[PDB]
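Residue numbers (the UniProt record's numbering): 44 to 166.
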Amino acid sequence: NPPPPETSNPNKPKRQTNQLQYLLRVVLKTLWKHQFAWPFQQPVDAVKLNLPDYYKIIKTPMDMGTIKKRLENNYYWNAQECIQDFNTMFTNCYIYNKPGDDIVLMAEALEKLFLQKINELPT
Ligand SMILES: COc1cc(-c2cn(C)c(=O)c3cnccc23)c(OC)cc1CN(C)C
Numbered sequence: 044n045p046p047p048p049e050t051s052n053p054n055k056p057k058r059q060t061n062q063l064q065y066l067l068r069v070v071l072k073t074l075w076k077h078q079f080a081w082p083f084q085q086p087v088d089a090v091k092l093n094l095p096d097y098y099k100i101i102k103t104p105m106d107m108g109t110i111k112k113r114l115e116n117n118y119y120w121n122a123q124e125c126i127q128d129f130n131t132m133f134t135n136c137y138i139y140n141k142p143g144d145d146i147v148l149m150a151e152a153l154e155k156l157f158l159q160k161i162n163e164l165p166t
């Protein structure tokens with residue numbers, strides 16, 4: 044498995060815009076709570092899950108635990124950087140798994156909530 048994604052941005056200002064505050068305290072908070080969040084809260088272990096070619100098809104692994112850490116410890120420069128990671132997480136799932144998979148049905152319910160909160164992004 045690839046090393047876990049970087050979650051610290053050491054030489055960077057400790058300033059969170061209100062949109063990034065929204066991404067943590069509304070978007071992430073609500074998604075993290077969701078019933079189907081648990082398959083997405085940690086990096087995919089392609090070995091233990093026996094996912095052939097997962098890291099061949101998936102060039103940018105991403106997960107909600109990484110996003111949570113990055114939001115919590117000031118990694119993102121701006122909101123769109125964070126929104127892109129959420130999208131990457133959902134994209135990875137949709138391009139690797141099949142439309143009938145439980146994991147895809149769960150991702151779609153999770154993404155519905157994501158999109159709803161993003162539709163209400165302030166400013
Ligand atoms: C963390 O453990 C799990 C991960 C996943 C999981 C997540 N993502 C994002 C995937 O793409 C994915 C792709 N294929 C197979 C599995 C997963 C999971 O699928 C419902 C179940 C568990 C529970 N386990 C005790 C088997």
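Idealized CB from N, CA, C, for every residue including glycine.
On the three-state DSSP scale, how would you describe residue i?
i          : result
residue 15 : Because the chain here runs from 44 to 166, residue 15 falls outside it and cannot be looked at.
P82        : helix
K112       : helix
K141       : coil
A152       : helix
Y118       : coil
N135       : helix
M105       : coil
For residue i, which residues of its own chain have a beta-carbon under 8 angstroms away from its beta-carbon, when the five flanking residues on both sides are left out?
i   : result
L94 : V87 and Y139
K76 : none
Excluding the 5 residues flanking residue i on each side, which residues of the same chain have their C-beta closer than 7 angstroms to its C-beta?
i    : result
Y119 : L63, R113 and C125
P165 : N61, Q62 and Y65
Excluding the 5 residues flanking residue i on each side, which residues of the same chain have their C-beta closer than 6 angstroms to its C-beta?
i    : result
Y98  : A89
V147 : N140
(request) Report yes or no: do three or more beta-carbon pairs, one from the segment 130-140 and one from the segment 64-72, lie closer than 8 angstroms? (result) no
(message) Does the segment 79-95 come into contact with the segment 50-57, if we say contact requires no fewer than three beta-carbon pairs (one atom in each stretch) closer than 8 angstroms?
(response) no
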